[PDB]
Amino acid sequence: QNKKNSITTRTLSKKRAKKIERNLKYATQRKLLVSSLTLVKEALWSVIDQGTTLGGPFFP
Amino acid sequence: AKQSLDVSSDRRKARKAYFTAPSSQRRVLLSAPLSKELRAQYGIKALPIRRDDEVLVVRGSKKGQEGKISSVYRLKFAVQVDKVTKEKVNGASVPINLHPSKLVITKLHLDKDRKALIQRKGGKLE
Amino acid sequence: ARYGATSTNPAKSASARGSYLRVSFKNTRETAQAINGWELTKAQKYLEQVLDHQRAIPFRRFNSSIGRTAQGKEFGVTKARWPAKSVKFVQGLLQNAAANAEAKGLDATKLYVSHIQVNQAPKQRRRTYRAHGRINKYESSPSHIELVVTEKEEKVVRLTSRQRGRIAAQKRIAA
Amino acid sequence: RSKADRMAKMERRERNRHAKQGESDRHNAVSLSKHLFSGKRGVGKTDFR
Amino acid sequence: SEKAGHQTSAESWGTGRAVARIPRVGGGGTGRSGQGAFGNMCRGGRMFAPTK
RNA sequence: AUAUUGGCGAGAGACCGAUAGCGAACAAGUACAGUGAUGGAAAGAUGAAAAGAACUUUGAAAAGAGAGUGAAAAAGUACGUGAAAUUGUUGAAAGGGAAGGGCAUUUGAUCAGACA
RNA sequence: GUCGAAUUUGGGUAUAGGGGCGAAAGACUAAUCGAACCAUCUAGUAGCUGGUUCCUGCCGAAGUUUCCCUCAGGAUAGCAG
RNA sequence: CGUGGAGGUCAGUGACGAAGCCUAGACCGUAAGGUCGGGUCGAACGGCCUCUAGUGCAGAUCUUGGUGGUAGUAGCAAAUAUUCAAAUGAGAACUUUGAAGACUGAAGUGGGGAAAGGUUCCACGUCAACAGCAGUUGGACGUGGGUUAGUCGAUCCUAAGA
Ligand SMILES: [Mg+2]
Ligand SMILES: [Mg+2]
Ligand SMILES: [Mg+2]
Ligand SMILES: [Mg+2]
Ligand SMILES: [Mg+2]
Ligand SMILES: [Mg+2]
Ligand SMILES: [Mg+2]
Ligand SMILES: [Mg+2]
Ligand SMILES: [Mg+2]
Ligand SMILES: [Mg+2]
Ligand SMILES: [Mg+2]
Ligand SMILES: [Mg+2]
Ligand SMILES: [Mg+2]
Ligand SMILES: [Mg+2]
Ligand SMILES: [Mg+2]
Ligand SMILES: [Mg+2]
Ligand SMILES: [Mg+2]
Ligand SMILES: [Mg+2]
Ligand SMILES: [Mg+2]
């Protein structure tokens, strides 16, 4: 019913839903046979990896 | 099968010794095998892990990643690699606890004692 | 998570709960049953009137040796009370459920209490010293409360050959 | 500091449910009291009034 | 162990005490005080016909 | 050559598996009781990894609702599984001073086999 | 009731269990006194009460005889295999 | 018929889900019981031939633990007695100040000590539990501060006695 898409006591857990999806993939295979912090750190690593004369010979 | 009367096959005794092993014994318990290149170069198969050597992860969800050993947490029977971590939204980084039997040493940290250990294990360094 | 009952289409519902609340389980059950099924705003105004002692909470199950009052005639009973502590806890949960519905975007004028459930929390076990050097129990009965509010929204017959023949004959005989 | 505070607050819950005065309240009650369960009342002196 | 279930100071409270006549631990100030003892049907008692 | 429920060091079992096994698997001869001699418990299990719920919102706060971590929160430091007694809610049914049981069938609900 | 003494009371000290102490009540000796409390021998002694855990099939009793003087506790005969 | 453990075997079952538990579903046994489906669960378990035993519960005023009805009931009625405004606070019958009314009535509900207790004294912070209502308050919880001797005692002397 959720794939197709009051008060009830009938609920489906995530653990059971994941097992159902896994077993459906198994059956389908048989039927066919027959992070912002990471991005910031990466950018930082990628970005880090005459002349002039003032004054003169005197004591001001 | 065992033959010596001084060795025990008792599961309870073996597990007790493992979990109560002191730090000097845990050093030997936390041994990591060498890479194929280092095995050919030196002639030995495994060494105790230490702080400043490079490793490759060959098992688990972090397989294929490399880095330097950040620390050897002997208290929790684990090693920590600087490159291998877990990140949160708030900027938190938590080190991944890795077991050295699931790693491969790619570059040894060489000192006088390490060279002597390789030589007495039967190595041919340089 | 793990409510006693959940709503189908959770995009039209909001939930609230409170656990290990130091309030009487029996009085709280009576208050929740008085609220069960009402519109949210009407329920809140009714609880305000109960605090003001203008209306009463009918006591139906846990009611042995209770006084009688004229304010129970609205609900067709004689035994009703005004449990202020239970009303305050339920009012807090109602306000929280309204806030959650508002955050979800539901219409506040169409919300009704579609589920409310009170069960017993683990007991708070004080003891009292009594005559002849006895120790007797002296316990609090706390409550777990939960509620869900909801937006209100507005054959082949097999016959025998005899039956088929009768129907066909009636059809031929009639128009 | 806040993590340690939360750990202590979670740890306190069973003792608080048992209504102890604190971590120092370790009163123990006997299973049965002999002075309450040691009675055969003859025609004479009793253990209580 | 031949001492298992026997390292207890306990005695019966007698007939007519409105409780069963199994021996009970004396003393006070601990939850053990007043509990049944020595019996094969008692928690912490001696097993029937202990293995030799 | 013989003895050895103490001490020290070892190896084992058709033994017990947290109401069992030593009283004690855990800061156990502890906590607690008694003037004292002495008496004497209860108490093991999140997760592979604390990654132990950041952040928004309601609330004085505990907390709740979104969100997130995680294979799983039908693992949230009340934490593996999670029985019964007893309880709440929902749906169905019965009820003129007990209920329960047996034989038989009606009614309502529900369901398997057999379909060449 | 008694209330200036055979008075009331604190502290120290002495007397210890088949013992003490007693203006004598088997009173009191740490809520314990016709025998204090604690540990052990010790799982002490049973003429007696209570309880004693799965199924089915087949067979299936016994108060009636003589005795240890008679009660008590035992023997024997019969009945079922 | 059933249970724990043991030797042998089924190259037995199992992360495409072991054991356990729940079940308005299905089947086989006269029965003890056995088998299958669904849900939950998350790592081990069974058939057969034999061995072995701490092997089957409704009762024992049984043992330990847990839970009901009683029941929001009995009751929280000794010690004459409390009221107003402000402040604080989310919240004040119960906290603080002020305003009132009372009481102990010097053989005190005052001021000090002995035995005993051991920090309860005082300050700051502060309400999960406790104070049989409440609580912002506390002899509670958290962190600290505080006990100054030639002259006050012990110490010395001896009493009954040891
Ligand atoms: Mg009444
Ligand atoms: Mg008393
Ligand atoms: Mg035992
Ligand atoms: Mg034990
Ligand atoms: Mg659980
Ligand atoms: Mg049940
Ligand atoms: Mg006495
Ligand atoms: Mg399974
Ligand atoms: Mg047995
Ligand atoms: Mg039973
Ligand atoms: Mg029976
Ligand atoms: Mg009973
Ligand atoms: Mg009343
Ligand atoms: Mg009064
Ligand atoms: Mg007066
Ligand atoms: Mg006066
Ligand atoms: Mg109170
Ligand atoms: Mg003070
Ligand atoms: Mg303090």
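Here is the naming used below: chain letters follow the sequence lines, and residue numbers restart at 1 for every chain.
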Engineer: Is there a donor-acceptor pair closer than 3.5 Å between any side-chain N or O of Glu30(C) and the backbone N or O of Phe62(C)?
Structural biologist: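 It does hold such a pair.
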
Engineer: Looking at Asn96(C) and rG59(F), is any side-chain donor or acceptor paired with a base atom of the opposite kind under 3.5 Å?
Structural biologist: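 In this structure, the two groups form no donor-acceptor pair.
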
Engineer: Taking the six-membered ring where the residue is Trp, are the ring centres of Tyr18(B) and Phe77(B) under 6.0 Å apart?
Structural biologist: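 Centroid distance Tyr18(B)-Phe77(B): below 6.0 Å, so yes.
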
Engineer: As a test of reading torsions: judging only by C1'-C2'-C3'-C4', is the sugar of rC16(H) on the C3'-endo (north) or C2'-endo (south) side?
Structural biologist: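 Taking the sign of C1'-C2'-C3'-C4' as the criterion, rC16(H) has a south sugar, on the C2'-endo side.
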
Engineer: What distance, rounded to whole Å, do you find between the two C1' atoms, one in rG47(F) and one in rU69(F)?
Structural biologist: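 Those two atoms are separated by 12 Å.
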
Engineer: Carefully, step by step, assess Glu66(B) and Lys83(B) under the rule salt bridge (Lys or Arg N to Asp or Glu O under 4.0 Å).
Structural biologist: CA-CA 7 Å; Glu66(B) 287 175 321; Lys83(B) 309 271 104 169; over 6 Å; no

Engineer: For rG42(H), does the base pair up with any side-chain atom of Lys19(A) as donor and acceptor (N or O, under 3.5 Å, distance only)?
Structural biologist: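 It does, because a donor-acceptor pair links the side chain of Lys19(A) to the base of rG42(H) below 3.5 Å.
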
Engineer: Distance check needed: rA43(G) P versus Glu11(E) CD, whole Å only.
Structural biologist: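 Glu11(E) atom CD is separated from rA43(G) atom P by 14 Å.
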
Engineer: Taking syn as within 90° of 0 and anti otherwise, name the glycosidic form of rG80(F).
Structural biologist: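 This nucleotide is in anti.
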
Engineer: Applying the salt bridge (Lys or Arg N to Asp or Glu O under 4.0 Å) test to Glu139(C), which of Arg125(C), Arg126(C), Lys123(C), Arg22(C) qualifies?
Structural biologist: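 Of all the options given, the one that passes is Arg125(C).
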
Engineer: Tell me whether the bases of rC16(H) and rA15(H) count as stacked, where stacked means ring centres under 5.5 Å and an interplanar angle below 30 degrees.
Structural biologist: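 Flagged as non-stacked, criteria not both satisfied.
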
Engineer: So does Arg16(A) get a side-chain nitrogen or oxygen closer than 4.0 Å to the phosphate oxygens (OP1/OP2) of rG39(H)?
Structural biologist: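 Indeed, a polar side-chain atom of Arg16(A) lies that close.
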
Engineer: Would a student be right to call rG144(H) and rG145(H) stacked, given the definition of ring centres under 5.5 angstrom and plane angle under 30°?
Structural biologist: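 Judged on centre distance and plane angle, the pair counts as stacked.
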
Engineer: Check if the side chain of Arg126(C) and the base of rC130(H) share a donor-acceptor pair of N or O atoms closer than 3.5 Å.
Structural biologist: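 No, no donor-acceptor pair under 3.5 Å.
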
Engineer: Is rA25(F) stacked onto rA24(F), using centres under 5.5 Å and an interplanar angle under 30°?
Structural biologist: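 As far as the 5.5 Å and 30° test goes, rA24(F) does not stack onto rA25(F).
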
Engineer: Would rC127(H) and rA128(H) pass the stacking test, six-membered ring centres less than 5.5 Å apart and planes less than 30 degrees?
Structural biologist: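 Judged on centre distance and plane angle, the pair does not count as stacked.
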
Engineer: Between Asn36(C) and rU90(F), is there a side-chain N or O to OP1/OP2 distance below 4.0 Å?
Structural biologist: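 Yes.
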
Engineer: Just checking, are the bases of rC71(G) and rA72(G) stacked by our 5.5 Å, 30° definition for the six-membered rings?
Structural biologist: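 Flagged as stacked, both criteria satisfied.
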
Engineer: May I ask you to decide if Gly28(E)'s main-chain N or O and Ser33(E)'s side chain share a donor-acceptor pair within less than 3.5 Å?
Structural biologist: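 Yes.
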
Engineer: Is there aromatic stacking of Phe48(E) on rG54(H) here, judged by a ring-centre distance under 5.5 Å and a plane angle under 30°?
Structural biologist: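 Given the distance and angle limits, no, they do not stack.
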
Engineer: Donor-acceptor pair under 3.5 Å: do we get one between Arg130(C)'s side chain and the base of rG132(H)?
Structural biologist: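 When only heavy-atom distances are counted, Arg130(C) does reach the base of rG132(H) through a donor-acceptor pair under 3.5 Å.
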
Engineer: Taking N and O atoms by type only, does the side chain of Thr51(E) place a donor or acceptor under 3.5 Å from a partner on the base of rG54(H)?
Structural biologist: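 Such a pair does not exist between side chain and base.
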
Engineer: Suppose we call a contact any N or O donor and acceptor under 3.5 Å apart; does that hold for the side chain of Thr11(A) and the base of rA74(F)?
Structural biologist: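 Per atom types, the contact qualifies.
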
Engineer: Any donor-acceptor pair under 3.5 Å joining the side chain of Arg12(D) to the base of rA129(H)?
Structural biologist: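 There is none.
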
Engineer: Name the residue closer to the 5' end of RNA chain H, choosing between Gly36(E) and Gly16(E) according to the nucleotide with the nearest heavy atom.
Structural biologist: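 This one resolves to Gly16(E).
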
Engineer: Quick one: do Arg55(C) and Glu74(C) make a salt bridge, cutoff under 4.0 Å?
Structural biologist: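 Answer for the salt bridge query: yes.
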
Engineer: Using a cut-off of strictly less than 4.0 Å between a heavy atom of the residue and any atom of RNA chain H, enumerate the qualifying residues of residues 14-49 of chain D by number.
Structural biologist: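 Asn16(D), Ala19(D), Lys20(D), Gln21(D), in order of number.
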
Engineer: Tell whether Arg61(C) reaches the base of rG72(H) with its side chain through a donor-acceptor pair below 3.5 angstrom.
Structural biologist: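 No.
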
Engineer: Base of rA31(F), side chain of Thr30(E) - is there a donor-acceptor contact under 3.5 Å?
Structural biologist: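 Under the 3.5 Å cut-off, the side chain and the base do form a donor-acceptor pair.
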
Engineer: Measure from NZ or CZ of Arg21(E) to the centre of the six-membered ring of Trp13(E), then state whether that distance is under 6.0 Å and the direction lies within 45° of the axis.
Structural biologist: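 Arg21(E) over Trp13(E) ring: no.
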
Engineer: Does a side-chain N or O from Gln7(E) land closer than 4.0 Å to OP1 or OP2 of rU40(G), or not?
Structural biologist: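 False: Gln7(E) side-chain N/O out of range (4.0 Å or more) of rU40(G) OP1/OP2.
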
Engineer: Would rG97(F) be called syn or anti here, given the cut-off of 90° from 0?
Structural biologist: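 For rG97(F), whose glycosidic angle is within 90° of 0, the conformation is syn.
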
Engineer: When rounded to the nearest Å, what value does the distance between P atoms of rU81(F) and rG42(H) take?
Structural biologist: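 Looking at atom P only, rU81(F) and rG42(H) are 5 Å apart.
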
Engineer: For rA74(F), decide between syn and anti, treating a glycosidic angle within 90° of 0 as syn.
Structural biologist: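 That one's syn.
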
Engineer: Can you check nucleotides 68-71 of chain F for protein contacts, nitrogen or oxygen pairs under 3.5 Å, and list what you find?
Structural biologist:
unit_1  : atom_1 : unit_2   : atom_2 : d
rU69(F) : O3'    : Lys86(B) : NZ     : 3.4
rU69(F) : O2'    : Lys86(B) : NZ     : 3.3
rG70(F) : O6     : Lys14(A) : NZ     : 3.1

